[PDB]
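Trainee: Below are the structure tokens for one structure; questions will follow.
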Amino acid sequence: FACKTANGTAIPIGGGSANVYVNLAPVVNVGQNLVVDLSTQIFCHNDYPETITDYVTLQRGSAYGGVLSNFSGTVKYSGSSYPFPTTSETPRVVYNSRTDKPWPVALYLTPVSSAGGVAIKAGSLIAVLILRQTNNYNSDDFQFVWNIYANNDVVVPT
Amino acid sequence: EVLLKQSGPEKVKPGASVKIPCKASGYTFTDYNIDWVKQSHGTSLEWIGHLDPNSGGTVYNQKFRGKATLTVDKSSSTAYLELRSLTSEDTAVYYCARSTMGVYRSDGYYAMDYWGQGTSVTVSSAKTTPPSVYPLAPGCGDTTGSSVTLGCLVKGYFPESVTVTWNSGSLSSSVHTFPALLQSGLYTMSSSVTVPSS
Amino acid sequence: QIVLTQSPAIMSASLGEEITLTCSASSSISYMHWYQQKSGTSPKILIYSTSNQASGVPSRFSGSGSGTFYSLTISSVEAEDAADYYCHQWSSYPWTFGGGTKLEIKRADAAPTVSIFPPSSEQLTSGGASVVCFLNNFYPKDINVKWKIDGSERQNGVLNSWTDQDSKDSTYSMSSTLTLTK
Amino acid sequence: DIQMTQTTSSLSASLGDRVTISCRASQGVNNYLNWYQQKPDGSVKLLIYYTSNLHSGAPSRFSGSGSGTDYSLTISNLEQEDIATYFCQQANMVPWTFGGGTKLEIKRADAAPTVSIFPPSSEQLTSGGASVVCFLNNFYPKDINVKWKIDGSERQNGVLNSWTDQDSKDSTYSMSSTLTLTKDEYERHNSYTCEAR
Amino acid sequence: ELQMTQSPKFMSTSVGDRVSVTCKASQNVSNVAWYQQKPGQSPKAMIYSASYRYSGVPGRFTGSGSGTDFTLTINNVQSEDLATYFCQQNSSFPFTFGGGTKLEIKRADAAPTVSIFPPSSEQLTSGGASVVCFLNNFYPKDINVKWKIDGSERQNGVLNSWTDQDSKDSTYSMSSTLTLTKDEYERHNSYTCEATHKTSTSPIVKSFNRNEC
Amino acid sequence: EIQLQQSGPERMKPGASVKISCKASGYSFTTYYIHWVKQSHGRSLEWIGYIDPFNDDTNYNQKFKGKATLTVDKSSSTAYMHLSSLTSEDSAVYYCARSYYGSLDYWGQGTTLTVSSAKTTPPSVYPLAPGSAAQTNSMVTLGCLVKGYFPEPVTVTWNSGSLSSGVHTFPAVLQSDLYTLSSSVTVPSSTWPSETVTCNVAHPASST
Amino acid sequence: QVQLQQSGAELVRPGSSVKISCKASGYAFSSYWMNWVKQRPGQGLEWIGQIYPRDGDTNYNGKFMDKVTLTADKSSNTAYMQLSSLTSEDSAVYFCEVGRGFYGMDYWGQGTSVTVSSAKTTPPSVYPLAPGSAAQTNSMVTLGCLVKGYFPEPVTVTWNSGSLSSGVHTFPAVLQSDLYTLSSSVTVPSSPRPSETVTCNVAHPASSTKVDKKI
Ligand SMILES: *[C@@H]1O[C@H](CO)[C@@H](O[C@@H]2O[C@H](CO)[C@@H](O[C@H]3O[C@H](CO[C@H]4O[C@H](CO)[C@@H](O)[C@H](O)[C@@H]4O)[C@@H](O)[C@H](O[C@H]4O[C@H](CO)[C@@H](O)[C@H](O)[C@@H]4O)[C@@H]3O)[C@H](O)[C@H]2NC(C)=O)[C@H](O)[C@H]1NC(C)=O
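Protein chains in written order, with the deposited numbering: chain A, 1 to 158; chain J, 1 to 198; chain N, 1 to 182; chain M, 1 to 197; chain L, 1 to 213; chain I, 1 to 208; chain H, 1 to 215.
Dropping the structure here:
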């Protein structure tokens, strides 16, 4: 089991860390959503699908920078939605193929009443998402850590 | 279709204030946002600010923070730009535009996709003056051929806003209109039309 | 603030050729957008998100680039392309435009059609006197005009007014006038 | 897929009682266990989610507890409004699975059925049909068995049974049994009895 | 269910020799394991993935084969290798083991010392009777036993017990028990025990008569 | 408040296909998931699948793959369920429900589907009368058999609603693709045959 | 080290059920597969099934699906196998095994014996065996002690309280009418009968009875 991004950077077997740079909508209105869709960025696969089943969860999701200060919302994961930042581990997603499959995670953040001006700065860190992978075979318990960065500034009208 | 209409050219005194409207039609006003752009010296472009018609919120370029104010009238589907203490550096053409920002777009299309015709603002203390219109006719040495050309000369008006129509709009082609020039503080321009010998 | 620079300020090309425009940024931006403004109208979106043709735009316009260098390429240049082009970014706040790049169209040379008009009787009634000479439908743009009233070289009091490049046959025009007292 | 099992299909109780409904999972779920209530008119509402969390709008009488593979729903002070069917549901793995259901009942003093029988009417006889209808009204508890006899011999075909829900007035049950015969089959026999015990 | 077949069920070598145990499969398998079992013990794994040894396995044991044919090889037996060997596959459900291959020691031939015994009078007191026959210290293990009464064959009520190879003499032994009632034992006169084995050119016969013991 | 509105009841023929809708109102449509659930006659609940309104990715129960399809129209905040190759087993109640925190927090009202080849038919009403003597000494029971109608529902009352007590109407049971029903009423032995009791039956589908 | 400890021998009755266990130690019990293997006396090895204790997953053999159930207990690190409707086919030794997930390692339990019988504990009957009227026309003779009708196994037999440690062959017992039958042989060069009246010592812990006899 190993995951990689759309620009090619990969995390090998056993877990690790990587960086992701996402393009955000330059403006968000009050009462609207800022959508951060990572199902088009992170993909993984099962190396031995004939004999092993891999289970994947979102162990933790934390907010940083402007997302922490100016936003609130939920996270979409495998048929349901949960508060973001997370308060517990999610259900499990099954990986059973050698072909890459999306990691179905998306953020839905709304501006708080104090948000105004440049809410998120370009090149800054907005979230850290931990991917926990177990299996059907042994005691392997690995963490794939993803750091999410903003590729542009986001403004909120006041 | 989608149309944005602004007021005609405005002439103001230094230190005064102006308010420029912009009325939208042909689409739902509150489903899109509004931008204002300044075009100075004929070529330079700079973004003034961004407005949300639902709440009246604004994002300002800090360059124009103390000079412009953005306001909306949701019922009439009209947006307003107001300039506070006009000076000579404020002589420019001002545009309103519909922008697709404010919400998520699946195709990632974020642009000013419809522009209203600009509003030219002149900041001067001079007096407005009617134009002196004269007709132009060939001399008695023409040696007339199959085609002849006639024109009109306009001199000594203010401010620079003059339009010329030939034959009450019946001749929309072969018409040359020339830019105005400053002559002793008053603008002068000309136009010409080409017609066959008939 | 991110400064966008377009160089050179004016470039020229011939019908059916291929030309490229460049925009360079003072810092790295994620996307670039292109607007076109023809003579006597407002700007119009042409290329968005560095590669996407806007609605109702021929496929001969295309964009590419990354980082701090972007470019807009026109293939099979047509007479309708005589306009001004501006690069625009909203990746950083505040949003800025480029300086502008005018496109000129090279074409076969053409002689000017000249007309001369005596001062109107109505103007002479008011006490003024001005003779207007029209030079129409020529190319290239640069051209000199010398006035001749009576036998002397009256090299004073002349106003020249060039027009914008025509959008149908790529020719220019000029209005030359000589103002004196009766 | 993960199997879900509820302890009892039906459970009797009385107003003011404390009620416990238990659910068990074939595989450990990570507290992603839900409780739903369905009224007799067929409407579904969420009561408890994530094993302990009151859904907004639910009465405070309801509570949840459990972990691993064993979960329970507790009603503190039963009310007539709470007489419904309850389902447990897990969401740890796809596909989501539901429990079998537990339907609440009101406790009552047991009663004996009232048996009544009717031969086919002359209209159906002239129409060619023949049906005998047996009525067993106002008994308690719900479980009952009926066997049809013809001329001393048993019959186990052509029998339709229909049961009503618990009465909201006196908390009793009723059931009807119908045996349908052709005209010749009805007329070529002599003894028909309806036995319920 | 894949059928794993081993043949022959018995193999016999001597100390220092090379012996190869072959396992046959009914389909294609990617993983075949080998286990060793001595009596009164749980099996001990020898080789996995058809070629690789387990932890604490001497280098004498080597594996080979692929697809459908597999073979376990012992370079030089050391009297610690005398056990039963099974092949196994896990590549499909259910897992299936081989039939087993017992190892032995090749020694010289020997003849069975047939010895017949009359039923004890104490047993006859209780109404039961069972004549016995002992054929201890014979080699090899292939042998047949029959009983005769008064010169007449009686193939009923006969129980036979074998013995594993002796750890000292490398020989075998047999016991034959014919159960009879008290009254049916008294109605005859003589009883005969018969023995024939692999290298027995002629049968060995021992007999007794009543009132002789 | 949050509401999910489903379409009305359906009556298809075997081998056909049916589309049902669920309109969401009172919340941001694309921020949540929509799930579909089946309850058969017998009250066991079955999960069908979910769909993301934001990008239309679907997940189905293996039991329902091929037969069922989920689609969304984010312009009108409506989800759709399509079921193809209908058989008699497909008759059930289908639900849409929003999903939050692993649970189905808000449910629609349900849509009933009936798969049958029968046709609209007026029921046959047959009165029921006691046998020998009287049933008891103070209490008597009378009945009314309603046989062979389609489709549901039929409505039975006694004496135009005058007898609102001591009455039982049993649920309908399908017999040779036609429904059957029976109703019972009990009255004091001195009231009948002194008075008159008439079974009143109405079948709106047959205009009876 | 890794170790698997199984329960003691079970003596059971036909048509009943039994539950044997296998306690694990020295490794993460919940994260590895546990196999169960049956070995009938005198035959090869059969595979019953496996369980993954963390999630409770099981994979059964088609032959043992209806009879066997498998469970586990995370707290006590103990796996359970349960047999139902115990016919005579079910009398064997059952093993637990963990090898998958460890590189080049394999561990078994010591095995548990399950006996399906309808009989009851019975003291053994010992009967001396004697040769015919003289020695066997040689310097060597054979004798024996015959034990029949006992239950259950095992019994230990010695000759002259272990004095005769050579030329002794004890044969494995054989079931007869739901009772075992074991016999032993002894070979003596002193020409017994008429000499020394050789004695054999027999024990049966199952009934706590010790019997001695003379030839
Ligand atoms: C029958 O018995 C066989 C023993 O011979 C069993 O074989 C073992 O199967 C497992 C699973 O199929 C194999 O996978 C594990 O090993 C790989 C590779 O590492 C090892 O193998 C290489 C080749 O042998 C060596 O060169 C290496 O040095 C190393 O020894 C791991 O990469 C796997 O883990 C990764 O993938 C899984 C699934 O995607 C993730 O969950 C993990 O977290 C990790 O990402 C496996 O751990 C194993 O190699 C193989 N051999 C051995 C000796 O164990 C076979 O499984 C068995 N069959 C059945 C049905 O039980």
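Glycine included, C-beta positions come from ideal geometry on N, C-alpha and C.
1) Could you tell me whether the Cβ of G143(I) comes closer than 8 Å to any Cβ of chain M?
2) Please report the Cβ distance between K142(M) and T193(M), rounded to the nearest whole angstrom; I am assuming they are in contact, meaning their Cβ atoms lie under 8 Å.
3) Just the C-alpha distance for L4(N) and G67(N), rounded to the nearest angstrom, thanks.
4) Assuming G144(H) is part of the beta strand (DSSP E), what are its boundary residues?
5) Could you work out which residues of chain N lie near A24(J), taking near to mean beta carbons separated by less than 9 Å?
6) Closest by CA to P41(H), which one among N35(H), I20(H) and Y94(H)?
7) Opposite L4(I) in the DSSP bridges: which residues?
8) Does any residue of chain M bring its CB to less than 8 Å from the CB of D73(H)?
9) I want to verify the contact list: residues of chain L whose CB lies under 8 Å from the CB of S133(H), in sequence order.
10) Does the distance between the C-beta of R100(H) and the nearest non-hydrogen atom of ligand 2 fall short of 7 Å?
11) Around the C-beta of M65(H), are 16 or more other C-beta atoms found within 10 angstroms, so that it is buried, or is it exposed?
12) Scan the stretch 5 to 50 of chain L and note each continuous beta strand (DSSP E) run of 3 residues or more that stays entirely inside, going in chain order.
13) Does the distance from the CB of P179(J) to the CB of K11(J) come in under 8 Å?
14) Hey, would you say the C-beta of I52(A) is under 7 Å away from at least one heavy atom of ligand 1?
15) Between the C-alpha atoms of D90(I) and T71(I), what's the straight-line distance to the nearest angstrom?
16) Closer than 8 Å is the cut-off here; do at least three beta carbon pairs connect the stretch 95 to 108 of chain L with the stretch 10 to 29 of chain L?
17) Using a Cβ cut-off of 9 Å, which residues of the stretch 18 to 35 of chain I contact any Cβ in chain A, in chain order?
18) Would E123(M) pass as an interface residue toward chain I - the criterion being a Cβ-Cβ separation below 8 Å?
19) In three-state DSSP terms, what is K11(J)?
20) At which residues does the beta strand (DSSP E) containing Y27(H) begin and terminate?
21) Chain J beta carbons: is any one of them nearer than 8 Å to that of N152(A)?
22) With a threshold of 8 Å on Cβ separation, who are the neighbours of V154(A) within its own chain once the five nearest residues in sequence on each side are excluded?
23) Identify, in the order they occur along the chain, each residue of the same chain with its Cβ nearer than 6 Å to the Cβ of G16(L), setting aside the five sequence neighbours on each side.
24) Out of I2(N), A13(N), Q6(N) and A25(N), which has the shortest C-alpha to C-alpha gap to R107(N)?
25) Check whether the Cβ atoms of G161(I) and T186(I) lie closer than 8 Å to each other.
26) Is the distance from the Cβ of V68(H) to the Cβ of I48(H) below 8 Å?
27) For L11(M), report the span of its beta strand (DSSP E) as first-last.
28) Tell me whether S49(L), by its Cβ, gets closer than 7 Å to a heavy atom of ligand 1.
29) Evaluate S177(M) with the Cβ neighbour count: other Cβ atoms within 10 Å of its Cβ, from every protein chain shown; 16 or more gives buried, anything less gives exposed.
30) Should the stretch 100 to 119 of chain M be regarded as contacting the stretch 5 to 25 of chain M, the criterion being three or more beta carbon pairs within less than 8 Å?
31) Taking buried to mean at least 16 other C-beta atoms within 10 Å of its own C-beta, is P189(H) buried or exposed?
32) With the cut-off set at 8 Å, would you say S49(N) and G108(J) are in Cβ contact?
33) Is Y54(L) near ligand 1 - that is, is its Cβ less than 7 Å away from at least one heavy atom of it?
34) Candidates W162(N), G157(N) and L124(N): which alpha carbon is nearest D142(N)'s?
35) Under 8 Å, do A129(I) and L142(I) count as touching if we go by C-beta distance?
36) Tell me whether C140(J) is buried or exposed, calling it buried when 16 or more other Cβ atoms sit within 10 Å of its Cβ.
Mentor: According to the structure data:
1) It does: the Cβ of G143(I) has a partner Cβ on chain M nearer than 8 Å.
2) Not confirmed; about 23 Å, so no contact.
3) 13 Å
4) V141 to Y150
5) Within 9 Å Cβ-Cβ: nothing; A24(J) doesn't reach chain N, min ~15 Å.
6) Here the closest residue by C-alpha is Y94(H).
7) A24(I)
8) no
9) Neighbours of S133(H) on chain L, chain order: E212 and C213.
10) Ligands present in the displayed structure are limited to ligand 1, and ligand 2 is not among them.
11) exposed
12) 10 to 13, 19 to 29, 32 to 37 and 44 to 48
13) no
14) True, at least one ligand heavy atom lies under 7 Å from that Cβ.
15) 20 Å
16) yes
17) Shown in chain order are the members of the stretch 18 to 35 of chain I whose Cβ falls below 9 Å from a Cβ of chain A: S28, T30, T31, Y32, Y33 and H35.
18) yes
19) Three-state DSSP puts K11(J) in a strand.
20) No beta strand (DSSP E) holds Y27(H); DSSP gives it neither H nor E.
21) no
22) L24, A25, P26, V27, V28, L34, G66, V118, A119 and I120
23) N76
24) The shortest C-alpha separation from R107(N) is found at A13(N).
25) no
26) It is a contact, given that the beta carbons lie within the stated cut-off.
27) In this chain, the beta strand (DSSP E) harbouring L11(M) covers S10 to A13.
28) yes
29) buried
30) yes
31) exposed
32) yes
33) no
34) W162(N)
35) yes
36) exposed
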